[PDB]
Each structure stands twice: as C-alpha cells, then as structure tokens.
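For reference, work20.csv is printed below; it contains CSV, C-alpha atoms.
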chain,number,residue,atom,x,y,z
A,1,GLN,CA,23.5,-52.3,26.2
A,2,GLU,CA,22.1,-53.2,22.8
A,3,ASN,CA,18.4,-52.7,23.2
A,4,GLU,CA,19.0,-49.5,25.2
A,5,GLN,CA,21.3,-48.5,22.3
A,6,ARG,CA,18.5,-49.6,20.0
A,7,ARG,CA,15.7,-47.7,21.7
A,8,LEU,CA,18.0,-44.6,21.8
A,9,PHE,CA,18.6,-45.0,18.1
A,10,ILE,CA,14.8,-45.1,17.8
A,11,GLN,CA,14.7,-42.1,20.1
A,12,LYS,CA,17.1,-40.0,18.1
A,13,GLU,CA,15.5,-41.0,14.8
A,14,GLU,CA,12.3,-39.7,16.3
A,15,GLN,CA,14.3,-36.5,17.1
A,16,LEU,CA,15.8,-36.7,13.6
A,17,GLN,CA,12.6,-36.8,11.6
A,18,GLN,CA,10.7,-34.3,13.8
A,19,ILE,CA,12.8,-31.2,13.8
A,20,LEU,CA,13.9,-31.8,10.2
A,21,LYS,CA,10.3,-31.6,9.2
A,22,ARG,CA,9.9,-28.7,11.6
A,23,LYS,CA,12.8,-26.7,10.2
A,24,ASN,CA,12.9,-27.5,6.4
A,25,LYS,CA,9.4,-26.2,6.1
A,26,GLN,CA,10.3,-23.3,8.3
A,27,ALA,CA,13.2,-23.0,5.9
A,28,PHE,CA,10.6,-23.3,3.2
A,29,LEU,CA,8.6,-20.6,5.0
A,30,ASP,CA,11.3,-18.0,4.9
A,31,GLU,CA,12.3,-19.3,1.5
A,32,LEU,CA,9.7,-17.0,0.2
A,33,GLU,CA,10.0,-14.2,2.8
A,34,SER,CA,12.4,-11.6,1.5
A,35,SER,CA,12.7,-13.2,-2.0
A,36,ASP,CA,10.3,-14.1,-4.7
A,37,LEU,CA,12.2,-17.2,-5.7
A,38,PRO,CA,15.2,-17.2,-8.1
A,39,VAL,CA,13.6,-16.5,-11.5
A,40,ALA,CA,9.9,-17.6,-11.3
A,41,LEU,CA,6.9,-17.9,-9.1
A,42,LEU,CA,7.4,-21.6,-8.5
A,43,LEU,CA,11.0,-22.4,-9.2
A,44,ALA,CA,13.3,-22.9,-6.2
A,45,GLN,CA,10.2,-23.3,-4.2
A,46,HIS,CA,9.7,-26.4,-6.2
A,47,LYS,CA,13.5,-26.9,-5.9
A,48,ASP,CA,13.2,-26.9,-2.1
A,49,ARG,CA,10.0,-28.9,-2.4
A,50,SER,CA,11.9,-31.7,-3.9
A,51,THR,CA,15.3,-31.6,-2.1
A,52,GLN,CA,13.8,-32.1,1.3
A,53,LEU,CA,12.3,-35.6,0.7
A,54,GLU,CA,15.6,-37.2,-0.2
A,55,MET,CA,17.1,-35.8,3.1
A,56,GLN,CA,14.8,-38.1,5.0
A,57,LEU,CA,15.3,-40.7,2.4
B,1,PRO,CA,-16.2,-1.3,8.5
B,2,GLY,CA,-13.7,-3.8,7.0
B,3,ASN,CA,-16.6,-5.8,5.6
B,4,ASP,CA,-16.2,-5.5,1.9
B,5,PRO,CA,-15.8,-8.5,-0.4
B,6,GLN,CA,-16.8,-8.3,-4.1
B,7,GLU,CA,-20.4,-7.1,-4.4
B,8,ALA,CA,-22.4,-8.2,-7.4
B,9,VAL,CA,-21.1,-6.5,-10.5
B,10,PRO,CA,-23.5,-5.2,-13.2
B,11,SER,CA,-24.4,-1.5,-12.8
B,12,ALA,CA,-23.8,0.2,-16.1
B,13,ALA,CA,-22.8,-0.4,-19.8
B,14,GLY,CA,-26.2,-0.6,-21.3
B,15,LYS,CA,-28.8,1.9,-22.6
B,16,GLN,CA,-32.3,0.9,-23.5
B,17,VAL,CA,-31.8,-2.9,-23.1
B,18,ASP,CA,-33.6,-3.6,-26.3
B,19,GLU,CA,-30.2,-3.9,-28.0
B,20,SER,CA,-31.6,-4.5,-31.4
B,21,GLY,CA,-28.8,-2.4,-32.6
B,22,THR,CA,-25.8,-3.3,-30.5
B,23,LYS,CA,-26.0,-6.7,-28.8
B,24,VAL,CA,-22.4,-6.9,-29.7
B,25,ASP,CA,-21.2,-9.8,-27.5
B,26,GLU,CA,-24.6,-11.4,-28.0
B,27,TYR,CA,-23.9,-11.0,-31.8
B,28,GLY,CA,-21.0,-13.2,-31.1
B,29,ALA,CA,-23.4,-15.6,-29.5
B,30,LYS,CA,-26.2,-15.0,-32.1
B,31,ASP,CA,-23.7,-15.9,-34.8
B,32,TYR,CA,-23.2,-19.3,-33.3
B,33,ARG,CA,-26.6,-20.0,-31.7
B,34,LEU,CA,-28.0,-19.4,-35.2
B,35,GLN,CA,-25.2,-20.7,-37.5
B,36,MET,CA,-25.2,-24.0,-35.6
B,37,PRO,CA,-28.9,-25.2,-35.6
B,38,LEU,CA,-29.3,-26.6,-39.1
B,39,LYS,CA,-29.5,-30.5,-39.1
B,40,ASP,CA,-32.1,-31.4,-36.4
B,41,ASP,CA,-30.0,-30.3,-33.4
B,42,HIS,CA,-29.1,-26.9,-32.3
B,43,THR,CA,-25.4,-27.3,-31.1
B,44,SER,CA,-25.8,-23.7,-30.2
B,45,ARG,CA,-28.1,-21.8,-27.8
B,46,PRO,CA,-25.8,-19.8,-25.5
B,47,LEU,CA,-28.2,-19.8,-22.5
B,48,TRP,CA,-29.2,-16.5,-24.1
B,49,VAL,CA,-26.3,-14.6,-22.5
B,50,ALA,CA,-27.5,-11.1,-21.5
B,51,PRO,CA,-24.9,-8.7,-20.2
B,52,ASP,CA,-26.8,-6.9,-17.5
B,53,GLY,CA,-29.2,-8.4,-15.1
B,54,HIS,CA,-28.7,-12.1,-15.6
B,55,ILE,CA,-28.6,-14.8,-18.3
B,56,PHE,CA,-31.1,-17.6,-18.9
B,57,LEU,CA,-31.3,-21.4,-19.1
B,58,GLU,CA,-32.2,-23.1,-22.4
B,59,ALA,CA,-33.6,-26.2,-20.8
B,60,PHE,CA,-36.0,-27.0,-23.6
B,61,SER,CA,-33.8,-29.3,-25.6
B,62,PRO,CA,-31.3,-30.0,-22.9
B,63,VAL,CA,-30.9,-33.7,-23.8
B,64,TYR,CA,-27.4,-34.1,-22.2
B,65,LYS,CA,-25.9,-30.7,-22.8
B,66,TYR,CA,-28.0,-28.4,-20.6
B,67,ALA,CA,-29.8,-31.1,-18.7
B,68,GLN,CA,-26.6,-32.0,-17.0
B,69,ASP,CA,-26.3,-28.3,-16.7
B,70,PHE,CA,-29.8,-28.0,-15.6
B,71,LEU,CA,-28.0,-28.4,-12.3
B,72,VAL,CA,-24.3,-27.9,-12.9
B,73,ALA,CA,-24.3,-24.6,-14.7
B,74,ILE,CA,-26.4,-23.4,-11.8
B,75,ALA,CA,-23.7,-22.8,-9.3
B,76,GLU,CA,-23.5,-19.0,-9.5
B,77,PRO,CA,-27.0,-19.0,-10.9
B,78,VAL,CA,-30.0,-19.5,-8.6
B,79,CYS,CA,-32.8,-20.3,-11.0
B,80,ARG,CA,-35.4,-18.0,-9.5
B,81,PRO,CA,-38.4,-18.9,-11.5
B,82,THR,CA,-39.2,-22.5,-12.4
B,83,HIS,CA,-41.0,-23.7,-15.5
B,84,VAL,CA,-42.0,-26.5,-17.8
B,85,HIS,CA,-39.6,-27.9,-20.4
B,86,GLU,CA,-38.8,-24.4,-21.6
B,87,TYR,CA,-36.4,-21.6,-20.7
B,88,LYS,CA,-35.6,-20.9,-17.1
B,89,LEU,CA,-34.4,-17.6,-15.7
B,90,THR,CA,-32.1,-17.0,-12.8
B,91,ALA,CA,-30.2,-14.2,-11.0
B,92,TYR,CA,-26.6,-13.7,-10.2
B,93,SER,CA,-24.8,-13.1,-7.0
B,94,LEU,CA,-21.9,-14.0,-4.6
B,95,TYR,CA,-22.0,-17.6,-5.5
B,96,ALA,CA,-18.5,-18.1,-6.8
B,97,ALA,CA,-16.9,-18.0,-3.4
B,98,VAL,CA,-19.1,-21.1,-2.8
B,99,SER,CA,-17.9,-22.6,-6.1
B,100,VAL,CA,-14.4,-23.0,-4.9
B,101,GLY,CA,-13.5,-26.4,-6.4
B,102,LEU,CA,-12.9,-24.7,-9.7
B,103,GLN,CA,-11.3,-21.7,-11.2
B,104,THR,CA,-13.3,-18.6,-12.3
B,105,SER,CA,-11.4,-18.9,-15.6
B,106,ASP,CA,-12.3,-22.6,-15.7
B,107,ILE,CA,-16.0,-21.8,-15.5
B,108,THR,CA,-15.4,-18.8,-17.9
B,109,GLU,CA,-14.1,-21.4,-20.5
B,110,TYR,CA,-17.2,-23.5,-20.1
B,111,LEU,CA,-19.2,-20.3,-19.8
B,112,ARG,CA,-17.9,-19.8,-23.3
B,113,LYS,CA,-18.1,-23.5,-24.1
B,114,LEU,CA,-21.8,-23.6,-23.2
B,115,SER,CA,-22.3,-20.4,-25.1
B,116,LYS,CA,-20.6,-21.6,-28.3
B,117,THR,CA,-18.1,-18.6,-27.9
B,118,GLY,CA,-21.0,-16.5,-26.9
B,119,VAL,CA,-18.6,-14.0,-25.5
B,120,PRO,CA,-19.0,-12.2,-22.1
B,121,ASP,CA,-19.6,-8.5,-21.9
B,122,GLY,CA,-16.6,-8.4,-19.6
B,123,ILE,CA,-18.9,-7.4,-16.8
B,124,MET,CA,-18.5,-10.9,-15.3
B,125,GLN,CA,-14.8,-10.8,-16.3
B,126,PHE,CA,-14.1,-7.9,-14.0
B,127,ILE,CA,-15.8,-9.9,-11.3
B,128,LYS,CA,-14.5,-13.4,-11.9
B,129,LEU,CA,-11.4,-13.9,-9.7
B,130,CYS,CA,-11.9,-11.1,-7.2
B,131,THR,CA,-11.5,-13.6,-4.4
B,132,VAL,CA,-9.0,-16.4,-4.9
B,133,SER,CA,-9.7,-19.8,-3.2
B,134,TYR,CA,-8.2,-19.8,0.3
B,135,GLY,CA,-9.0,-21.8,3.4
B,136,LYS,CA,-8.5,-21.4,7.2
B,137,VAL,CA,-7.9,-24.8,8.9
B,138,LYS,CA,-8.2,-25.0,12.7
B,139,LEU,CA,-5.6,-27.7,13.1
B,140,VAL,CA,-4.8,-29.8,16.3
B,141,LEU,CA,-2.6,-27.1,18.0
B,142,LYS,CA,-5.6,-25.4,19.7
B,143,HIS,CA,-6.3,-22.6,17.3
B,144,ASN,CA,-5.2,-23.0,13.7
B,145,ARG,CA,-2.3,-23.9,11.4
B,146,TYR,CA,-1.9,-21.3,8.8
B,147,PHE,CA,-3.1,-23.3,5.8
B,148,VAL,CA,-2.9,-21.7,2.4
B,149,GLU,CA,-4.1,-23.9,-0.5
B,150,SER,CA,-3.3,-26.8,-2.7
B,151,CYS,CA,-1.8,-24.2,-5.0
B,152,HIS,CA,1.3,-22.3,-4.2
B,153,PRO,CA,1.1,-19.0,-6.3
B,154,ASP,CA,-0.6,-17.0,-3.6
B,155,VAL,CA,1.8,-17.0,-0.8
B,156,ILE,CA,4.1,-15.1,-3.1
B,157,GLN,CA,2.0,-12.0,-2.7
B,158,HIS,CA,1.0,-13.0,0.8
B,159,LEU,CA,4.3,-13.7,2.5
B,160,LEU,CA,5.8,-10.7,0.8
B,161,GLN,CA,3.0,-8.8,2.7
B,162,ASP,CA,1.7,-10.6,5.6
B,163,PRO,CA,4.7,-11.2,8.0
B,164,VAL,CA,5.9,-7.7,7.2
B,165,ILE,CA,2.5,-6.8,8.6
B,166,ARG,CA,2.2,-9.7,11.1
B,167,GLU,CA,4.4,-12.8,11.2
B,168,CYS,CA,3.3,-16.4,11.7
B,169,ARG,CA,6.3,-18.1,13.2
B,170,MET,CA,1.9,-49.6,25.8
B,171,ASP,CA,3.1,-50.4,22.3
B,172,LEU,CA,0.0,-52.0,20.7
B,173,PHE,CA,-2.0,-49.6,22.8
B,174,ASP,CA,-0.2,-46.7,21.0
B,175,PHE,CA,0.8,-48.2,17.7
B,176,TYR,CA,-2.5,-47.4,16.0
B,177,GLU,CA,-2.4,-43.9,17.6
B,178,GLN,CA,0.5,-42.9,15.3
B,179,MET,CA,-1.1,-44.8,12.4
B,180,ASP,CA,-3.8,-42.1,12.7
B,181,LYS,CA,-1.0,-39.5,12.7
B,182,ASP,CA,0.4,-41.4,9.7
B,183,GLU,CA,-2.9,-40.5,8.0
B,184,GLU,CA,-2.1,-36.8,8.6
B,185,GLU,CA,-0.9,-36.5,5.0
B,186,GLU,CA,-0.1,-33.7,2.5
B,187,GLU,CA,-3.7,-32.2,2.5
B,188,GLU,CA,-4.3,-33.3,-1.1
B,189,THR,CA,-1.1,-31.5,-2.2
B,190,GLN,CA,1.6,-29.4,-0.4
B,191,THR,CA,-0.7,-27.6,2.0
B,192,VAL,CA,1.7,-24.7,2.6
B,193,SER,CA,0.6,-24.2,6.2
B,194,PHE,CA,2.2,-21.9,8.7
B,195,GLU,CA,2.1,-21.4,12.5
B,196,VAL,CA,-0.3,-19.5,14.7
B,197,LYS,CA,0.5,-16.0,15.6
B,198,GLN,CA,-0.7,-16.2,19.2
B,199,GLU,CA,-4.4,-16.5,18.7
B,200,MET,CA,-5.3,-12.8,19.2
B,201,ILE,CA,-3.9,-11.5,15.9
B,202,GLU,CA,-6.2,-13.3,13.5
B,203,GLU,CA,-8.9,-10.8,14.1
B,204,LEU,CA,-6.3,-8.2,13.4
B,205,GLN,CA,-5.3,-10.4,10.4
B,206,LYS,CA,-8.6,-11.3,8.8
B,207,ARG,CA,-9.5,-7.7,8.2
B,208,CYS,CA,-6.3,-7.4,6.2
B,209,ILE,CA,-6.5,-10.9,4.6
B,210,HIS,CA,-9.4,-9.8,2.4
B,211,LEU,CA,-7.7,-6.4,2.0
B,212,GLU,CA,-5.7,-7.3,-1.0
B,213,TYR,CA,-7.8,-9.5,-3.3
B,214,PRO,CA,-8.2,-12.8,-1.4
B,215,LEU,CA,-10.9,-14.2,0.8
B,216,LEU,CA,-10.7,-16.7,3.6
B,217,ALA,CA,-12.6,-20.0,4.4
B,218,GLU,CA,-12.9,-20.7,8.1
B,219,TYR,CA,-13.0,-24.4,8.9
B,220,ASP,CA,-13.8,-26.7,11.8
B,221,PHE,CA,-11.3,-29.5,12.6
B,222,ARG,CA,-13.3,-31.0,15.4
B,223,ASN,CA,-13.7,-34.6,14.5
B,224,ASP,CA,-10.4,-36.6,14.2
B,225,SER,CA,-8.6,-35.0,17.1
B,226,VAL,CA,-10.0,-32.5,19.6
B,227,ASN,CA,-8.4,-31.4,22.8
B,228,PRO,CA,-11.4,-30.3,24.9
B,229,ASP,CA,-14.3,-32.6,25.8
B,230,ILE,CA,-16.9,-34.4,23.7
B,231,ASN,CA,-20.5,-34.8,24.7
B,232,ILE,CA,-22.5,-38.0,24.5
B,233,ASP,CA,-24.3,-38.0,21.2
B,234,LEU,CA,-26.5,-41.0,20.3
B,235,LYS,CA,-28.7,-41.2,17.2
B,236,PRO,CA,-31.5,-43.6,18.3
B,237,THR,CA,-32.8,-45.2,15.1
B,238,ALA,CA,-33.4,-41.9,13.3
B,239,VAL,CA,-33.9,-43.1,9.8
B,240,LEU,CA,-33.8,-40.1,7.4
B,241,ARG,CA,-34.2,-39.3,3.7
B,242,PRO,CA,-31.9,-38.5,0.8
B,243,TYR,CA,-32.7,-34.8,0.5
B,244,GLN,CA,-30.7,-34.2,3.7
B,245,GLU,CA,-28.3,-37.1,3.2
B,246,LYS,CA,-26.9,-35.1,0.2
B,247,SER,CA,-26.7,-32.1,2.5
B,248,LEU,CA,-24.0,-33.1,5.0
B,249,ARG,CA,-22.3,-34.9,2.1
B,250,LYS,CA,-22.0,-31.4,0.7
B,251,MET,CA,-20.9,-30.3,4.1
B,252,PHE,CA,-18.4,-33.1,4.2
B,253,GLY,CA,-17.0,-34.2,0.8
B,254,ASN,CA,-13.6,-33.2,2.1
B,255,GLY,CA,-12.0,-34.0,5.4
B,256,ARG,CA,-13.1,-33.1,8.8
B,257,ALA,CA,-12.7,-29.3,8.6
B,258,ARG,CA,-15.2,-27.3,6.6
B,259,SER,CA,-18.1,-25.1,7.9
B,260,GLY,CA,-21.5,-25.1,6.2
B,261,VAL,CA,-24.6,-23.1,5.3
B,262,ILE,CA,-27.5,-24.9,3.5
B,263,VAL,CA,-30.8,-23.7,2.2
B,264,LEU,CA,-33.9,-25.9,2.5
B,265,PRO,CA,-37.4,-25.3,1.3
B,266,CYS,CA,-40.0,-24.7,4.0
B,267,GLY,CA,-41.2,-27.5,6.3
B,268,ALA,CA,-38.2,-29.6,5.3
B,269,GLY,CA,-35.8,-31.5,7.7
B,270,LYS,CA,-34.8,-28.4,9.5
B,271,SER,CA,-34.6,-29.8,13.0
B,272,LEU,CA,-33.0,-32.9,11.6
B,273,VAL,CA,-29.7,-32.1,9.9
B,274,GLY,CA,-28.6,-29.7,12.6
B,275,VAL,CA,-29.4,-32.4,15.1
B,276,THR,CA,-27.5,-34.7,12.7
B,277,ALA,CA,-24.7,-32.1,12.8
B,278,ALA,CA,-25.2,-32.0,16.6
B,279,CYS,CA,-24.2,-35.7,17.0
B,280,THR,CA,-22.1,-36.8,14.0
B,281,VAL,CA,-19.6,-33.9,14.4
B,282,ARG,CA,-19.0,-34.9,18.1
B,283,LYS,CA,-19.0,-31.2,19.2
B,284,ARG,CA,-20.5,-29.2,21.9
B,285,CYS,CA,-23.1,-27.4,19.9
B,286,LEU,CA,-25.4,-24.3,20.1
B,287,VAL,CA,-28.7,-23.4,18.6
B,288,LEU,CA,-29.8,-19.8,18.2
B,289,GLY,CA,-33.6,-19.9,18.0
B,290,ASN,CA,-35.6,-17.1,16.5
B,291,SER,CA,-37.9,-17.0,19.4
B,292,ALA,CA,-38.9,-19.4,22.2
B,293,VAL,CA,-41.4,-20.5,19.6
B,294,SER,CA,-38.4,-22.2,17.9
B,295,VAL,CA,-36.7,-23.2,21.1
B,296,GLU,CA,-39.4,-25.6,22.3
B,297,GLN,CA,-39.6,-27.2,18.8
B,298,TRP,CA,-35.9,-27.7,18.1
B,299,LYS,CA,-35.2,-29.5,21.3
B,300,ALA,CA,-38.2,-31.7,20.8
B,301,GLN,CA,-37.0,-33.4,17.7
B,302,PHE,CA,-33.6,-33.3,19.4
B,303,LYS,CA,-35.4,-35.1,22.2
B,304,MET,CA,-36.8,-37.4,19.5
B,305,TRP,CA,-33.8,-38.2,17.3
B,306,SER,CA,-31.3,-37.8,20.1
B,307,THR,CA,-31.3,-39.6,23.4
B,308,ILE,CA,-29.2,-36.8,24.9
B,309,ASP,CA,-31.5,-35.5,27.5
B,310,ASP,CA,-30.5,-36.4,31.1
B,311,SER,CA,-30.9,-32.8,32.1
B,312,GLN,CA,-28.5,-32.4,29.2
B,313,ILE,CA,-30.8,-29.8,27.8
B,314,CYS,CA,-29.9,-26.1,27.6
B,315,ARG,CA,-32.7,-23.8,26.5
Show this structure as structure tokens.
Amino acid sequence: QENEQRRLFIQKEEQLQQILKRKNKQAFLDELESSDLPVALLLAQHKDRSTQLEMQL
Amino acid sequence: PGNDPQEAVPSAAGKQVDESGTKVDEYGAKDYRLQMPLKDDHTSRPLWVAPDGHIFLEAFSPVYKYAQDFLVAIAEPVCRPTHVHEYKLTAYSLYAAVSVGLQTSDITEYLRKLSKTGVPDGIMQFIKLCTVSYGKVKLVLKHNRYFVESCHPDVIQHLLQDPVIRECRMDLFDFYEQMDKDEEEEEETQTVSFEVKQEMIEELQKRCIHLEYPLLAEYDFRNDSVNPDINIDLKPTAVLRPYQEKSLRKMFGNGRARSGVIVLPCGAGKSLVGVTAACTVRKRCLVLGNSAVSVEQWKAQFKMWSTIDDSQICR
C-alpha cells in the first residue's frame, strides 16, 4: 500500500506542478489579452509574476 | 513586398555641407571639444560628429577613451578606411539590429558621452529604436515557442494586436535526464514565451511582426535537445587560430539558439568555421557553393578537418 501510495503521491505532484505551470502562464498569457494591466504597463503582470511562485511553494 | 525594415536614415536637412555658418549641433560639440582641451589632455573631441553622411573616429590620442572605442564605438560604424594613429572615417548602416545587447538610447547616451554632449542632429534619433530587440526561439516542441524578450513592455502592444490577428494558444538512467530539464531555466529573466500557432502561420505572422515597429531574430535550438537525427561529426585534430575562435564565440555567447553571419577578409578560414559549424552544432548541414569551383574546395577541407566521408558526401 504505502510505496504505491507514495509513488502515486509522486505521480500527482508531477501532475500538480506541470499543469499549474502550464495554466498560470496561460493565465499570464491572457492576463494581457483584452486588458493592458490595471494601472500600468507592468503592474499586475508583475503582480501575477510574483503570486504564482508561492503557489508552488 | 513585405520586406521593409528601417533603411539608413540621412537624406536631407543640410545645404552646402560647409556649415561654417550653421553647424548648430556641432556647435554644441565644438563648444565642448574646444572648451575642454586646455591642460595637456583634450577631454573633448566628439569623434567629429557630422549630421549627414557619417561621423569619424578620433583615434589619435585614444589612450583609453577612444582606443577602447577604437573597437567598441564601432558597432553601427564600419570603419571603411584605415589609417595611422590619426582620424579614421566610417559609414553608417543597418548595424543596430546586430547591436541588440544594448538599447538605442543607451548608445545614444554614450554617443553623447563620447561627444561631450556633442548633440545629435536628430537624424539618428528618428532612426534609433525603429526595431526593438526581439527573438524567435525554436524550442523543443518541433517548431518554436513564442519567445518575446527578457523585457516585458512589448507584448503590451503585441498581445493587444497579435492574437486579434492570429492567436498563439531506469531511475539513475533517467535522473540526470530531468537534471538537464532542470537546467531549462527562466531564459535569463521571465522569457514571456507563447505556444506555436500550428507551424503554417508564422510566415503569415512574420510579415506582420515587422509591420508595427518590431523586428524578429530567428534562432536555432539544435544542440541541447533535437528530435530528428544527428550525423556523425568528428573533428580529427583540426587545430585552429584565434581569429575564428572569436567568431563562433560571437555566434555562441548565449545559449544554443542563435543564428549567425560573419564577415572575414579574403583567404581567411572560410572553409574552416563552417566546417566547424558543421560539426560542433551537431546538425545536418548544407553548403550553397557559388559554382562547382567552390564545391570541390569546400568539401576538400571538410574532407581534411572532418572525417565524415564514408560516401557521406553530398555535392
């Protein structure tokens, strides 16, 4: 049970980190599309460029 | 058609180039190229900024100032005549899109800082950042990942225009294999890279990429990972020389994805570095000879400095 539960916990963390990375930048993609950020060129696109590392952390 | 980046600027704004009367921005220079040389050093000498045509190189008391910039100031210059320890003329051209590790305003500052506020005519100004630095990586997923830049403030115009034109989107035996994928880091900062629009749209895209005010840098990620095959390269004791050792170092100062075009003088290691690029890069390469005259030659030093010949020869 345990090692199979362990390797599946490895397997889901693989699935965790991958599609997170795949979506949060895809979120960061359309973050610009249809909106030039809140009040500046850089602003929430920094805001989103800093929020997404603590989500993995 | 669709082949128009920024052509060389100066065409007007000057009448009887003996500007003994006007020289107005040169008067800004000639103030400080002349107010500065009093106590045994010049601390001046603006490279003799001339608005039309080109400007010069001082190169007669370079010491450290213009002797470092005997080379470095020459990036967009070309130094077309050569001389003795005197002045040295140049021309001016497209060579800022090569100089893309630096901003057109950053050089403009040092263009002023060399010139001791010897101020531009503006002619160069209206031709400084006409093409913002922008690359085109060809990343592992078979065509390209839609790389932008280290710097973000360019997608803001782009993604508000481009997708509304065209969208984008055993153990130890394998432990090191992800340690290589661990090395696939942030591309020096943030990358801002998007997903391939189906490989048949970039031709439709490139013609509109330049259409605003940007220009694109096609790359070649063919060295770390490559999905098709790799030929047998082999550099059999081909000791070479630092004129062309610098060359591929200019072709590769970055990672494994950047194309290259290098000028040599005549009779130089022409059939060497391409043969060096034939083998080091690990590609499946092509030579386009001028005539069969070239074709016999270029394989021959390839037959010399490569042992890749077992009917492995395609002329």
(request) Give the residues of chain B that lie within 9 Å of chain A; count only C-alpha atoms, and format the answer as JSON, numbers by chain. (result) {"B": [152, 153, 155, 156, 157, 159, 160, 161, 163, 164, 169, 190, 192, 193, 194]}
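Using all atoms listed in the file, the smallest distance between any of B:204, B:73, B:168, B:89 and residue 108 in chain B comes from B:73.
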(message) At a cut-off of 10 Å, using all atoms listed in the file, what residues contact residue 52 in chain A? Leave out same-chain residues fewer than 5 positions from it and give the result as a VMD selection string.
(response) chain A and resid 20 to 21 24 to 25 28 47 57
(message) Measuring between only C-alpha atoms, which one of B:281, B:205, B:185, B:5 shows the shortest distance to residue 222 in chain B?
(response) B:281
(request) Could you check which of B:131, B:120, B:314, B:107 is closest to residue 296 in chain B, using only C-alpha atoms? (result)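 Smallest separation from residue 296 in chain B among the options: B:314.
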(request) Kindly give the distance, in Å, that separates CA of residue 25 in chain B and CA of residue 83 in chain B, rounded to a single decimal. (result)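 Answer for the CA of residue 25 in chain B to CA of residue 83 in chain B separation: 27.0 Å.
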(request) Compile the contact shell of range 229-238 of chain B as an MDAnalysis selection string: residues with an atom at most 7 Å away, counting only C-alpha atoms, same-chain residues fewer than 4 positions apart removed. (result) chainID B and resid 279 282:284 305:308
(request) Please measure the separation of CA of residue 225 in chain B and CA of residue 181 in chain B, giving the value in Å to one decimal. (result) 9.9 Å
